[PDB]
Amino acid sequence: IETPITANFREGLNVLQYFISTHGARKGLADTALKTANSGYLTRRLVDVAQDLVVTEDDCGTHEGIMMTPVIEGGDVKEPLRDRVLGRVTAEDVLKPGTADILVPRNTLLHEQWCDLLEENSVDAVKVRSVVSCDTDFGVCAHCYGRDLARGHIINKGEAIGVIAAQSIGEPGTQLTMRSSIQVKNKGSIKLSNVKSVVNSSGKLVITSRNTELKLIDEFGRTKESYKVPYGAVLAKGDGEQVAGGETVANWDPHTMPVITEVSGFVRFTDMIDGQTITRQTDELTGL
Amino acid sequence: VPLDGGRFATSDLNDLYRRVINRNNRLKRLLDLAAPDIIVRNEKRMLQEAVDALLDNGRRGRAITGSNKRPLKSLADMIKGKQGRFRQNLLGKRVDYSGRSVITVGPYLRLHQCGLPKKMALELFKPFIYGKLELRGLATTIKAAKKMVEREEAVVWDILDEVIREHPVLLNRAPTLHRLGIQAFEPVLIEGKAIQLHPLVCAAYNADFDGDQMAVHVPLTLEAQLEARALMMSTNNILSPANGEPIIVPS
Amino acid sequence: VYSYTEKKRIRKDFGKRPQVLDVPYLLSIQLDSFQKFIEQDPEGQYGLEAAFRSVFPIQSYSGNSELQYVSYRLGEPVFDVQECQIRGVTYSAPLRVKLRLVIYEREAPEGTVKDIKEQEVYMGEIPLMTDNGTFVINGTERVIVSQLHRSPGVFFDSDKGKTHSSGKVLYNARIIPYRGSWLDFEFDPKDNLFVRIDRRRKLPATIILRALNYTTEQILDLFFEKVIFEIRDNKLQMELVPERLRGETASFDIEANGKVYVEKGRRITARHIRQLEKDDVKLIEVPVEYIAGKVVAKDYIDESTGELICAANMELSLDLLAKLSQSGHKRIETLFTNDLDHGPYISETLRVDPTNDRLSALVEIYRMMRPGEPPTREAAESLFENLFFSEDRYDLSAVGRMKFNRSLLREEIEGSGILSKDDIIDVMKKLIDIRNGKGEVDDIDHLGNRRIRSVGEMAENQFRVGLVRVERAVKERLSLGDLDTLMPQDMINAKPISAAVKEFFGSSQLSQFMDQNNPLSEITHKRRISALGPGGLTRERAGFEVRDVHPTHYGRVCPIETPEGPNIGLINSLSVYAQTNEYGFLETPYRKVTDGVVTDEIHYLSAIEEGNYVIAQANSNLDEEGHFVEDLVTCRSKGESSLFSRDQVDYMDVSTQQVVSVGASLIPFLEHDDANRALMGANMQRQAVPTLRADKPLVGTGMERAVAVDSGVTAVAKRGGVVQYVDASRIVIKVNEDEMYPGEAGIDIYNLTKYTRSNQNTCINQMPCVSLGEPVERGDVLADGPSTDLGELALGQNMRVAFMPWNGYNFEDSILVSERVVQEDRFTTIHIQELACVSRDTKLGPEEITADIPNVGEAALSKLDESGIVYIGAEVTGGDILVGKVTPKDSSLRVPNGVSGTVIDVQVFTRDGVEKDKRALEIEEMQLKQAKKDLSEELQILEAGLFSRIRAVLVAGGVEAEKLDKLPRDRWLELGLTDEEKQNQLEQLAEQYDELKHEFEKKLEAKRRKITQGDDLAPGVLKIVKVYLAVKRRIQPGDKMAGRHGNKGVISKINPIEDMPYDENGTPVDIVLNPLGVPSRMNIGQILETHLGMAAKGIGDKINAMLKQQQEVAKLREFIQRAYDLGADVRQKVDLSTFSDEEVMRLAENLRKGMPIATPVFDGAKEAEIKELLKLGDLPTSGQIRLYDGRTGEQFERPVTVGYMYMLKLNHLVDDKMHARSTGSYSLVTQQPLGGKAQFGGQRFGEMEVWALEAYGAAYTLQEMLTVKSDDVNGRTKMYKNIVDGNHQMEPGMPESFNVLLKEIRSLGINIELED
Amino acid sequence: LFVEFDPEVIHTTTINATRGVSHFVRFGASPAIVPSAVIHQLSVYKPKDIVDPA
Amino acid sequence: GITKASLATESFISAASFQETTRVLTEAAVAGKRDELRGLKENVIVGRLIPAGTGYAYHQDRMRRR
DNA sequence: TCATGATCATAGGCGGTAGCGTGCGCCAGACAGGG
DNA sequence: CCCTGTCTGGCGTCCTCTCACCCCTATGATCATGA
Ligand SMILES: [Mg+2]
Ligand SMILES: [Zn+2]
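Chains as they are written, first to last, in the deposited numbering: chain L, 755 to 933, 948 to 1056; chain P, 253 to 503; chain R, 2 to 889, 914 to 1341; chain C, 55 to 108; chain U, 1308 to 1373.
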């Protein structure tokens, strides 16, 4: 509503302002009612799909795990490496960039001292053993799960983790809701990923790919900015270079799909017959 | 079931079986005295439709009813869904040695103990008191002990303080969402009629004190007392299983 | 001037807006609707006469007999309300109907009947309504609740977005009849037009247009315009109106008059349309490709061959033009089928049609109605005339015809109840217009489309269904018997009518049990707009939008009083000023603001008349004439609030209390509470309980007297006068002479209702509040009811509260209460439980109620008399014997284990024939003696009033000052006096006196008959003994108290007096709340209520100080006048100079416990007025006193807030919820414990608790939690032996309910087993 | 029971108010044209017995 | 998906204690399917120890003696 | 002594010479329509 | 046979507390009263 409520609860509220407040309040109450109605059924389906998975061995004996990197939406780093690789057994043994020097062995539970020693050396991506890549027939081994959450040590042989997992996912379901360019902030080296780029006549670096992802590598190894770069975007910089803060390095058109080229030559028409393939539509009020 | 009015409002199953046996006896009599050529057919259609009303009512076109709009209950309506044997009687049961009342604060508690009334502690813990009476020799049979604890004489409160002492109970809030919703305490007898519950613990139950009601259960056997002391005690669960955050945050 | 009970305790009133329309009688929906239902109503409608004139005359199956209708009449009920609630009968009245039978002759149904017979007939019993607005169905007082449902008429909804997953919206047009078959027109993504009837199979829509006998040429004449092509010497020229060409790109160069107008490749502009219509261009030239796809309208036939050239609704090709061109046709009529303007929806619909004439359409409609049977032309005609076009099976009401004419832009709002051809054609025209882009769809939740049924209309409909069943019986019997020998009571029987109306009032989804524990709860349960029930939506299905407040609930339906939980916004409560329109919609008052001046006439607006006009907000400032003092004023135009000019307004609201209901207008400072907390406060104010001595609200809203008087718990005076005899039982008013009838001399007797059971087991008492010799005015309280005081409304009590954290005992929401509260016996509520005991009839013989009982001794039988029934007054414990009963085996009634009480009332009912024992004869002699004394006192008291009238008449005209009392008093007529009005009046009083004599004789004989007779009872019961225990429940840790703003709480510790924080005067505070509930739960109104309550008590303490010192009335007059002026421009303006030195002392006697203050809802007391009233008393300005501690005796830092808050005890007590079970009874089909508290049961260890024990490693706890403790019978007997012998060990076994699962799966064709 | 009547012109719901009405011999959606085997080739019978069933 | 992953089990008692019981019992009836109590919820049904906590040690003993 | 009328007790599944139903919504997988 | 629409089946929170309601109508037989 374009005319806001200019009155607080210490002063009065007249009749219309209190009526608009009632719109908001009853919308919230009906949200909470039907929200609980969906949340309980979500907890039911999750504890009935898990239901059975018991920590039934002590070492599966594989290596392939998932790669834990800090998540980067394109602003501040939302979830760091300490809060993701806290207490989970490493897949491949992490070597510090003093290559052929082992920092952690390949079956070490990463508790808080090890996580601080990960944060000091600025470790890129601690590849770690996940439950989904296990090898235990009819159950899940103990090392691929991790720390016993709610306790300190490794998981005991036996605790039913499917049920505590399904309750931990469905329990905050009561709290949930129901119904142009690239601007940099920090400073560091510039990384490009999955790019097919070429040089324009202006001297810049233009792109011939939709799958281009720009990254900002910081001073110690990790990444603090990531940007999906569109098709045919124009960079003011290149790969491996150095920028400063507040410097927009890319620009494109979100309305137009550019069909930019690679080689320099004349333009001709092939299989373009007028009247059928191309039509004659004169732009009336502009001219071109 | 009798309704104490001289009549039997019957269950739906006896109605269904009675319909099948009526229709089947009439079909036996009609096959007996010869069917009129292209006639021994309507009665078999009726029998097939009565059996299809008995095995799963409402799956075939329009269901039957006794009174008045509500369709009555077949066998598949006793196995399926809610109000059926899988979800109402076999996965969650009604349980003896249990009770329930309204909760309150009482901040003089240590966090491994809760207040619990003298009347609830006397009615939950009856056979323990019977055993201590005929083990100390204050009643000959079980009936004298029952009449002693019905009269509530002056000695059974000492028996009750000697059976509560190191014996946990399970407290339970009614919408149990996560596994911290069932915890185990060591009771303290309270003059009154409410369950005094430690305040910090109410961060885990999501329980205020505006009329909330909690239910207490008793572990009878010995292994269940050890599981409600070593696994489920209120001092052990200080960390949540969703993360590493403490659940004893002062509110 | 003030009424005499308004000079007792005149409530201080803030408030600024001078009222112009007082609060109406709050129970007018129930009483006005049921008065509309049952009353002798001429000119047909509404009422019972509508049913009796729409279902009658029943004419027979061509037997020339006819059962027509004359009139009806209801006799008096055999039982009045009190005997009906005591015994347990319906409160019904017999419905006598005068029916007539006529029997026509042969060869002339337009000829003379040979014989008629008109007679009285009995049918049904309709239950009457009591003056409170409630029904008494089986001794239990029930309320039928108003339903909110869809208004009959057309309704153009739009199935937006969701269908076909391509964004193409649909449009449907549901015709909603009041009674009959529905009719849904709609579209489909192929842009065809589809009808359907009662959600059945789907047909193309024009199949019904052929069913109304339209040829296809006429259909295209209706639903399209015409395009004329004239073959005039050159290329088949065209008549052209260029308005069709608005934006169309032509295929050639349009030229006329030798001038190029339109070029090929361009579109026709609007100025080119202006050129062509200015030059008046008529005939233009088309190519051969222009009529390549033009659709012909009507059939062209060739005159030579007699064949068909081209069929109707067909596109034209080259050969069709070549055929019709050489046949002699110069005019060609086609249709205009544009992209935006007019789609060919009718044309595509007729191309999908297989039908060709009226008969095939009627066959297809008869086949979609009843599937798979041979149609016949007579059967198809009969079905399609009985779907929409018959007075029997189809009937829009007047509401339906109004909406159907209004939503089609008609003029007359009067029409027939049946449809016609023009109606369906206008529905299809408006649907095509909505599809074309002009006009709008109609929303559902708009209150111009939600009608309100009530008690009268729903009882009429159920009675009509009973009548169509009985016409289905009378049509059976009338032409299948011998005539003339029968009378019209042998035909019609009263079983279906009484069964239908008794099933509706007995068990419906809207005839619900009255929540009666409070006058507020009565008067807000009777005013309820429920959306549920028959014809409305359901809770577990719908939805989102109907649970939301629409912008047109403003002043009709309350926005903040609704039950939270599974049905929010469906159990809406109707507002204060909201009446009900003539048709059934909602309407609300406004003030007609003529061009400058707010005129004080009220003027009722409906929900759709409000939208067109523009309404000023309620609290807009105006300077003594009506001129709006601003030049921008906040208003609302069409469901949307804005800021308008000074004199473009058309209406102003009446009073500022009209958005809210009466549940949430007794909340002081409502404008300061957030709406969630106001909702919870209104709902808990409904859930209160009456205390022992209800006090008053110090901070009210002035709305208490409307809720108290306009309900039915107080004893309002009918005719004013002088009180003669006050007693705790009765009150006698002597009627003043300027209010009094000439005959029936008249002094009124009010028999109060003493201690009796309510529905919620409270104690509905009435206490007399008038003195003796006291004047009372017409319309005034005499006896306070439950939770009333001097005619006000006192739900809870007002106590001294402080906001401070006190050592953790008020942690989340808890409340901490001093022992000074429980010592004063001020929340000590009184409950009454009814315990019944029947003497059934079984085998080996009947039962025994006598006290010769086995297995019992002196200690049980000392509390019974010599005939089994407990005494009246014997204070029993939990588990004694009340009624001793033995069967051919002790089965005596016992007090259920836990409750104390005092037996206050014993009823004994005896089925007739059974021997009355000695106590039943004692109760019979007792009630004979009571009724004898009561009717004799009726005769004596009314004879005393009659003799006082004789003395008042004989003051003049032959007065005898000494001779009047020498003779006996019954002869005061033959004294010396001529033929005047006085001897005429003495003759009229002699007529009245002899009438009272013979009436007393016959009524005492009838009352002895009513006491002496038996009562019809259950099948096979001897006698019913009912005993009323009267528990007195005080307060304890665990009860629930709450204020009036949503501040709930379990009272957690009942402290001693000494521990309470006291102040530097000495007084301890009573209750210590918790401050932390205020900034999160935003109910800031309770702190303003606290400060204004402390101001009120400061004025009360100063009155108590000025009166305890025995001061003369001058200083009291001074101080009370200063406390009653005190404000801005207010409404009260009292002066004590017309109270005359004796009322001021009694007004100060009523003000010494505090001064009551009214604070209306949105026009309340501001902050500066509270400060100025706290300055009148010597209290601190900020409201905060420094408080010492009780334990340490040293001061709390940072001074704390004290005051008075008016707190309510709720009836969620703690010795009604607490329960415990070691080993009780077990269920029968699955050997698990029973459920509930009355059944001694165990708590459900539900499914999520099983998950929470799987989530730990607790395995033995769960095994005994679902095998030993619950189900396995041998396992639990082994467990019980092992527990009483000290061996904690379980022998597990199997759940018996799993064996029940095996038997239920095995009872199918399935073979489940257990291997190994 | 065998009854002779004619379906279309006389529509059934009018005649419904009487007995003789449970419904047609069908073996299918349509009211099945029945044979009259007793009337045509099986007139006089019941030599089974007069057992007076049970 | 989790409701189809829970209805598609090698154990008909779990898929019967979850959603539709008719389809699960008819498919397991004509298939002759043979549950072996396989985890938590079937043992909650049949009334014995969960194979999770202390019952896990009991089930290792019981399976070792097979 | 016989006949008639009235009252009381005991006994079954739309009620009628049709029509009642009408305000949930999503997903999903099979059955079939159109081409 | 390869889509593409329709159809009909599934499913839609937990725990507790309270209250009412749970055939009436028609036909046949027996008894009493009146002629
Ligand atoms: Mg709460
Ligand atoms: Zn593994």
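We put the CB at the ideal spot given by N, CA and C, even for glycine.
Measure the alpha-carbon distance for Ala532 of chain R versus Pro1181 of chain R and round it to whole angstroms. Whole-angstrom Cα-Cα distance: 39 Å.
Segments of 4+ residues assigned as alpha helix (DSSP H) that fall wholly inside the segment 15 to 44 of chain R: Counting only runs of 4+ residues, the alpha helix (DSSP H) found wholly inside the segment 15 to 44 of chain R occupies 29 to 38, in chain order.
Taking only heavy atoms of ligand 1 into account, decide whether any of them is closer than 7 Å to the Cβ of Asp256 of chain P. No, the Cβ of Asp256 of chain P stays beyond 7 Å of every heavy atom of ligand 1.
Is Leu699 of chain R helix, strand or coil by DSSP? Note: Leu699 of chain R maps to coil in three-state DSSP.
With hydrogens ignored, establish whether the beta-carbon of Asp1064 of chain R is closer than 7 Å to any heavy atom of ligand 1. Between ligand 1 and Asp1064 of chain R, a heavy atom-to-CB distance of less than 7 Å is absent.
Check whether chain R comes within 8 Å of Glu58 of chain C, counting only Cβ atoms and requiring the distance to be less than that. No - not a single Cβ of chain R is within 8 Å of the one on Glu58 of chain C.
If we require 4 or more residues per run, which alpha helix (DSSP H) segments fall completely within the segment 1330 to 1363 of chain U? Counting whole runs of 4 or more residues, the segment 1330 to 1363 of chain U contains the alpha helix (DSSP H) stretches 1347 to 1353.
From this set, P:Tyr349, P:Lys280 and P:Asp308, which residue's C-alpha is nearest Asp264 of chain P's C-alpha? Proximity to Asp264 of chain P across P:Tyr349, P:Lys280 and P:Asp308 peaks at P:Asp308, based on C-alpha coordinates.
Taking any heavy atom of ligand 2 as the mark, which residues have a C-beta closer than 7 Å to it, listed down the chain? Those residues placing their Cβ nearer than 7 Å to any heavy atom of ligand 2 are, following chain order, L:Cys814, L:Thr816, L:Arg883, L:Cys888, L:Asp889, L:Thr890, L:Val894, L:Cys895, L:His897 and L:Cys898.
What distance in whole Å lies between the Cβ atoms of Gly664 of chain R and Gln688 of chain R, which are believed to be in contact at a cut-off of 8 Å? Approximately 11 Å separates the beta-carbon atoms of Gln688 of chain R and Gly664 of chain R; this is outside 8 Å, ruling out the contact.
Any beta carbon from chain P within less than 8 Å of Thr1328 of chain U's own beta carbon? By the rule that beta-carbons nearer than 8 Å mark a contact, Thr1328 of chain U touches chain P.
Of all the options C:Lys100, C:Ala83 and C:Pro85, which has the alpha carbon lying nearest to the alpha carbon of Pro288 of chain P? Distances from the CA of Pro288 of chain P to each of C:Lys100, C:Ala83 and C:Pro85 were compared; the closest alpha carbon is that of C:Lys100.
To the nearest angstrom, report how far apart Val114 of chain R and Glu62 of chain C are at their CA atoms. Their backbone Cα atoms lie some 34 Å apart in a straight line.
Can you tell me whether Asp462 of chain P sits near ligand 1, meaning its C-beta is under 7 Å from at least one heavy atom of the ligand? Yes - ligand 1 has a heavy atom lying nearer than 7 Å to the Cβ of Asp462 of chain P.
With a 10 Å radius around its C-beta and 16 neighbouring C-beta atoms as the bar for buried, classify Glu1274 of chain R as buried or exposed. By the C-beta density criterion, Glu1274 of chain R is buried, having at least 16 other C-beta atoms within 10 angstroms.
Mind pulling the chain P residues with CB within less than 7 Å of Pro89 of chain C? The contacting residues are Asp289 and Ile290.
Does the segment 167 to 181 of chain R come close enough to the segment 394 to 402 of chain R that 3 or more CB-CB pairs lie under 8 Å? With the cut-off at 8 Å, the segment 394 to 402 of chain R and the segment 167 to 181 of chain R touch.
In this structure, what does DSSP give as the bridge partners for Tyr751 of chain R? In the DSSP output, where bridge partners are listed per residue, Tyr751 of chain R has R:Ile732.
Does the distance between the C-beta of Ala896 of chain L and the nearest non-hydrogen atom of ligand 3 fall short of 7 Å? Summarising the ligand content, the structure contains ligand 1 and ligand 2 and does not contain ligand 3.
Round the Cβ separation of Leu472 of chain P and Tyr349 of chain P to the nearest angstrom and send it over; I've been treating them as touching at under 8 Å. The Cβ separation is near 6 Å, so the contact holds.
What does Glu811 of chain L touch in chain R if you count any residue whose Cβ is under 8 Å from its own? Those within 8 Å of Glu811 of chain L in chain R number zero; the least Cβ separation is about 17 Å.
Output yes if chain P places a C-beta closer than 8 Å to the C-beta of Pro107 of chain C; else output no. Interface residue, yes.
Taking any Cβ of chain P, which residues in the segment 1355 to 1369 of chain U have a Cβ under 8 Å from it, in chain order? Answer set for the segment 1355 to 1369 of chain U: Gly1360 and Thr1361.
Apart from the five residues just before and just after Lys527 of chain R, which ones in its own chain have a Cβ nearer than 7 Å to its Cβ? Excluding residues within five positions, the ones whose Cβ falls inside 7 Å are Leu28, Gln31, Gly134 and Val144.
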